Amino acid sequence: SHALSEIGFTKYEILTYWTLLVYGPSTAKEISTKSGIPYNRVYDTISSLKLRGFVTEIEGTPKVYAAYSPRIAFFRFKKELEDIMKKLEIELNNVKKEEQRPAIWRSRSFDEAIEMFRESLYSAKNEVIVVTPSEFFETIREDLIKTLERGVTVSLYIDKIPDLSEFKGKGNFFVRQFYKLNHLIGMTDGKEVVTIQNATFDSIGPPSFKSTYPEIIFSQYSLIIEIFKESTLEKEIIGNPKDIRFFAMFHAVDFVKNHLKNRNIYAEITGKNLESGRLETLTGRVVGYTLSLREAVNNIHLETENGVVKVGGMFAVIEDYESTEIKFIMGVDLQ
């Protein structure tokens, strides 16, 4: 006897009690219509399993039936989910509304977290800041690259600077070093944050999560600026001098700082007009910045069509514009 088990139950989460009790036998021995003996005579269950891909029937006289192994049997079932999921993702893109309550999704484990991290990076349109412990880098190496290729800027914060050869042309890549980081923070387009805690789930420690709550974004944006203040800029790769993107204005300004002197810079910015609240797209020359760390101010001075303006980043209040959507196009080498 197969002897069933609790397994019986779970599978009755989705599975017939006949569809369950026909497969049981075929795995435990492999007959034809002996199945039909223990215990119901109807073979409808077999016509079932055949479509699921859990059984094929082989030339017969009498006809005989055989079960694929758990491994192959579910490999097929998993492959089915992929399709529900992707097709489900695809429709979402064509009909998902935009104004959504903020929330927070906790993750059950390191893998699942990395899954949430990747999902986030995939959506990146402008910049992603990734604070990480050297330990994790090898796990995100491909995703970093893939992202960089969509022309998205990537601001990395790492402790032990790895071998960055793979990256020589891949995109707009900035690398900064910092004493030591414990967990992985990941922020994409100033829109959402995803976090992963060091190594294995370390017993009862902080949870790994994604979140869109302003408080946590503000929290974390502020955290990053602190690590920025002490961090040192080790690698800079402009693989796209005519489309350099930032969501983090302090990163914007860091960059402008390094170049504005030896060449002109042009900008296109979308942002809230602090005076009016209205969204606007602005273009001009960058003719100055202020990056005052104690004063807590970082912004750009943009020469638009009609006068200078100041554009500051997320949560700005004192400049003319608040922006998290920034594009520099770089003037020419000489000057």
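From 1 onward, residues are counted along the sequence shown.
Averaged over their C-alpha atoms, the temperature factors of 245 to 253 and 166 to 174 are higher for 166 to 174. The PDB entry records a higher mean C-alpha B factor for 193 to 201 than for its counterpart among 193 to 201 and 261 to 269. When the C-alpha B-factors of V311, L20, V317, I326 are read from the PDB record, the largest value belongs to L20. For the set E303, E295, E57, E280, the maximum C-alpha B-factor listed in the entry falls on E57. Among the modelled residues of the chain, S155 sits in the lowest third by CA temperature factor in this PDB entry. Sorting the modelled residues of the chain by their CA temperature factor places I7 in the highest third. When the modelled residues of the chain are ordered by their C-alpha B factor, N94 lands in the highest third. Annotation for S219: CA B-factor lies in the lowest third of the chain's modelled residues. Among the modelled residues of its chain, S69 has a C-alpha B-factor that falls in the middle third according to the deposited record.
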